[PDB]
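Undergrad: The structure under discussion is supplied below as structure tokens; questions concerning it will follow.
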Amino acid sequence: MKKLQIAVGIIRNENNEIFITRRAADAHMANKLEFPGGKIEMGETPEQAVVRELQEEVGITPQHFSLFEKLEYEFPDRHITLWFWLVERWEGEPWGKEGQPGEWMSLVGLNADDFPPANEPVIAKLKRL
Ligand SMILES: Nc1nc2c([nH]c(=O)n2[C@H]2C[C@H](O)[C@@H](COP(=O)(O)OP(=O)(O)OP(=O)(O)O)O2)c(=O)[nH]1
Ligand SMILES: OC[C@H]1O[C@@](CO)(O[C@H]2O[C@H](CO)[C@@H](O)[C@H](O)[C@H]2O)[C@@H](O)[C@@H]1O
Ligand SMILES: [Mn+2]
Ligand SMILES: [Mn+2]
Ligand SMILES: [Mn+2]
């Protein structure tokens with residue numbers, strides 16, 4: 001069973017909305033809503049990974065961000081450690097830079113069922129802010 005470290009960014013604007021993308025139909029966790037992010041590569045830190053991943057996926061550079069949550073989740077065929085970074089300041093305007101759907105979603109309207117199950121405690125904690 002493969003083991004991965006994943007860094008993702010919770011991109012929150014001044015109107016309490018989060019920038020959310022939707023995973024491709026042929027990906028792991030296909031068609032699920034997601035915080036943009038990806039695998040932490042050898043030789044880079046979790047902080048460097050969330051910056052690089054957000055630059056690649058949605059075209060922003062996060063800055064002055066914080067670790068909102070770190071958790072582990074065992075999927076049917078892989079074990080993942082997720083680093084959830086709260087990103088409230090950035091350079092750029094997020095968009096579907098890799099051709100993926102992306103949109104702003106009110107925090108209060110997020111439905112954890114739409115996201116991978118690993119995100120459940122994070123979505124709950126976000127609604128408690
Ligand atoms: N990006 C992201 N991945 C999540 C979230 N919740 C969650 O369980 N995952 C899981 C799904 C995947 O198994 C893994 C994310 O890997 P990934 O597919 O984003 O990795 P990547 O972008 O570097 O891969 P690629 O585009 O280069 O093919 O973590 C989330 O909120 N955002
Ligand atoms: O780990 C993030 C945590 O560290 C602080 C400083 O105490 O922020 C630093 O680390 C961030 C991630 O690299 C940077 O964005 C930030 O500029 C740097 O000061 C806290 O603010 C944060 O909770
Ligand atoms: Mn990626
Ligand atoms: Mn990647
Ligand atoms: Mn990704």
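By convention in this document, the chains of the structure tokens carry letters A, B, ... by their order, each chain's residues are numbered from 1, and ligands are numbered from 1 in the order they are shown.
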Excluding residue 29 in chain A and residues on its chain fewer than 3 positions from it, collect all residues at most 10 Å away from it, counting only C-alpha atoms, and give them as a PyMOL selection string.
TA: chain A and resi 22-26+32-34+75+115-117
Undergrad: I want to know what sits within 8 Å of residue 63 in chain A, based on only C-alpha atoms, with residues of the same chain fewer than 5 positions away left out; could you give that as a list in words?
TA: residues 87, 88, 89, 90 and 91 of chain A
Undergrad: Include N, CA, C and O atoms and write out the residues we just selected as a compact mmCIF listing (two decimals), in the first residue's frame.
TA:
# COMPACT_ATOMS: atom_id res chain seq x y z
N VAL A 87 -5.10 29.55 3.72
CA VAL A 87 -4.48 30.57 2.88
C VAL A 87 -5.43 31.75 2.80
O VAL A 87 -6.46 31.69 2.12
N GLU A 88 -5.11 32.83 3.50
CA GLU A 88 -5.97 34.00 3.51
C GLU A 88 -5.35 35.20 2.81
O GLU A 88 -6.03 36.21 2.63
N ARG A 89 -4.10 35.08 2.39
CA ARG A 89 -3.43 36.12 1.63
C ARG A 89 -2.68 35.45 0.50
O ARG A 89 -2.09 34.38 0.69
N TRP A 90 -2.73 36.05 -0.69
CA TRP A 90 -2.01 35.46 -1.81
C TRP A 90 -1.80 36.51 -2.88
O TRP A 90 -2.47 37.54 -2.92
N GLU A 91 -0.87 36.21 -3.78
CA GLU A 91 -0.70 36.97 -5.01
C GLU A 91 -1.41 36.24 -6.13
O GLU A 91 -1.31 35.01 -6.24
Undergrad: Nearest to ligand 2 among A:7, A:51, A:27, A:18, with distances taken over only C-alpha atoms and all ligand atoms: which residue is it?
TA: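 Of all the options, A:51 lies closest to ligand 2.
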Undergrad: Counting only C-alpha atoms and all ligand atoms, which protein, DNA or RNA residues come within 7 Å of ligand 4, given as a PyMOL selection string?
TA: chain A and resi 38-39+53
Undergrad: List the spatial neighbours of residue 62 in chain A as a ChimeraX atom specification - criterion: any atom at most 12 Å away, only C-alpha atoms, same-chain residues fewer than 3 positions off excluded.
TA: /A:8-12,36-37,47-56,58-59,65-66,85-94
Undergrad: Got a sec to tell me which of chain A DSSP assigns to helix (DSSP H, G or I), as an NGL selection string?
TA: :A and (46-58 or 112-114 or 117-127)
Undergrad: Which residue is closest to ligand 5? Choose from A:119, A:15, A:100, A:81 and count only C-alpha atoms and all ligand atoms.
TA: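 Under the stated criterion, the closest residue is A:100.
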Undergrad: Can you list, as a PDB file with C-alpha atoms, in the first residue's frame, every protein, DNA or RNA residue that comes within 9 Å of residue 16 in chain A when you count only C-alpha atoms, leaving out same-chain residues fewer than 4 positions away?
TA:
ATOM      1  CA  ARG A  12     -10.439  31.877   1.767  1.00  0.00           C
ATOM      2  CA  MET A 105     -18.095  28.429  -2.446  1.00  0.00           C
ATOM      3  CA  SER A 106     -19.545  29.870   0.737  1.00  0.00           C
ATOM      4  CA  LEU A 107     -17.995  28.233   3.776  1.00  0.00           C
ATOM      5  CA  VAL A 108     -21.416  27.775   5.381  1.00  0.00           C
TER       6      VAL A 108
END
Undergrad: So that I can see what lies close to residue 3 in chain A, please list as a count of residues only the residues with an atom at most 7 Å from it, counting only C-alpha atoms and leaving out residues fewer than 6 positions away in the same chain.
TA: 3
Undergrad: With DSSP run on the backbone, what are the strand (DSSP E) residues within chain A? I'd like them as a PyMOL selection string.
TA: chain A and resi 2-11+17-22+33-34+37-39+61-62+66-74+78-87+90-91+102-106
